[PDB]
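Novice: Take this structure first; my questions come after.
As a convention, Cβ positions derive from the backbone with ideal geometry for all residues, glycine included, and neighbour counts pool all protein chains shown. None of the figures in this text is laboratory data; all of them are computed from the coordinates on show.
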Amino acid sequence: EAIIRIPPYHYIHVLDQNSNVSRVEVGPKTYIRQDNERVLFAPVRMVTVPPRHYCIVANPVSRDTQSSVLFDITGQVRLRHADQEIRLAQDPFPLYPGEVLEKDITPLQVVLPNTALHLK
Amino acid sequence: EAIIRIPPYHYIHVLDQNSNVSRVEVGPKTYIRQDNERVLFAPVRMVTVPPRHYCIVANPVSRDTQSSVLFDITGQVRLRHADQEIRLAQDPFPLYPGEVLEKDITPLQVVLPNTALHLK
Amino acid sequence: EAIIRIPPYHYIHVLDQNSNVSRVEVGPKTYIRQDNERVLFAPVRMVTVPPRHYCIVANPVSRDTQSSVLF
């Protein structure tokens, strides 16, 4: 079924076979698939963690000083493959394609006065 | 099937029987094979390792001061056969034909202050 | 089969279902179809008539003073 309802704060990925390129989709709109494309999966809650909580995601997308996403001309999102990403809190966000979620909903590392954190 | 979808950061090799020469292919495009050619394999993730990690690959391609790849006129990539190659981190890359991957995803050799590394 | 060989002076039509729009294709190239598209038919000789001979075709395309096709 070409019809694809999306709950308002959710996302999906779709592979455009003609250009051979997947992309994430966002927003409330029931974005129907086009003829060249194929939906990867049913809609999923946007990756979110509470304030003073954190999450770690592989393959962060590149950003400028404006932190604007840098789309590639061929239709892939730009990705820092070897590099990782960490997040505390901000606006809810779609999972970008080619990223790999790892740590999530992790409580922020509390530290009592009498203890300490050895680091390398 | 002549159609050959390629995921955006992936590569494949194809042997052109007419000129009897293989070559790597790159990028998001669903590069269809030509009549003279035959695909070697299904698309594979580009060889990548994290920063402060390393990998070793046999048969490095030649490069100039610009580190530009030196394509041979006959269609083979240039190769340093006896010589090896090592890599720490940079942009994700296709595996060039005639190369042989060896070490990969290897953590960089950590060294604590009290120890030492005997070498030959 | 996505592969579509075209003889050098021939043409085919292809419907792009995503934009819901057909278009003609031209030239020697073995123009492979894209994922969104579907070939209408096998390649056909270009419509041609000899000098001091004539032909009539319905639904002419628009043209400018340059007689350029108006897509």
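Novice: Within the stretch A:26-57, track down each residue that is among the aliphatic types (A, V, I, L, M) and more than 14 Å from chain C (Cβ to nearest Cβ).
Specialist: Matches in the stretch A:26-57: A:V26, A:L40, A:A42, A:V44, A:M46, A:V47, A:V49, A:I56, A:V57.
Novice: While we're looking at this one, here's another question. If we keep just the residues of the stretch A:63-120 that are among the hydroxyl-bearing types (S, T, Y) and within 14 Å of chain B (Cβ to nearest Cβ), which is nearest to A:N18 (Cα to Cα)?
Specialist: Per the criteria, the residue is A:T74.
Novice: For the stretch C:6-29, how many residues are on the phi > 0 side of the Ramachandran plot and free of Cβ contacts under 8 Å to residues at least 12 places away in the same chain?
Specialist: 1
Novice: To continue, here is another question. Residues being more than 24 Å from A:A82 (Cβ to Cβ) and in contact with an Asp or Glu (Cβ under 7 Å, 6 or more places away or on another chain): count how many of those fall in the stretch B:31-62.
Specialist: Going through the stretch B:31-62 one residue at a time, the tally reaches 3.
Novice: Can you name the number of the only condition in (1) under 30 Å from A:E1 (Cβ atoms); (2) surrounded by 11 or more Cβ atoms within 10 Å (Cβ to Cβ) that A:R80 fails?
Specialist: Failed condition: (1).
Novice: Restricting attention to the stretch C:1-25, which residues are of a type in the set (V, I, T), away from every other protein chain (no Cβ under 13 Å) and under 20 Å from B:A2 (Cβ atoms)?
Specialist: C:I12
Novice: Moving on. Within the set of pairs 6 or more residues apart or between chains, which connect a residue that is without any contact (Cβ under 8 Å) to a residue 40 or more places away in the chain inside the stretch C:31-48 to a residue that is among the hydroxyl-bearing types (S, T, Y) and not in a loop (DSSP other than H, G, I, E, B) with Cβ atoms less than 8 Å apart?
Specialist: Pairs that qualify, where the first residue is without any contact (Cβ under 8 Å) to a residue 40 or more places away in the chain and the partner is among the hydroxyl-bearing types (S, T, Y) and not in a loop (DSSP other than H, G, I, E, B), are C:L40/C:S22; C:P43/C:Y11; C:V44/C:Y11; C:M46/C:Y11.
Novice: Also, quick follow-up: Of everything in the stretch B:16-75 that's within 20 Å of B:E102 (Cα to Cα) and aromatic (F, W, Y), which residue is surrounded by the most Cβ atoms within 10 Å (Cβ to Cβ)?
Specialist: B:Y54
Novice: Another one. Return only the number of the condition from (1) over 13 Å from the mean Cα position of the chain (by Cα); (2) touching a residue at least 40 places away in the same chain (Cβ under 8 Å) that A:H81 does not satisfy.
Specialist: Here A:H81 meets the rest and fails (2).
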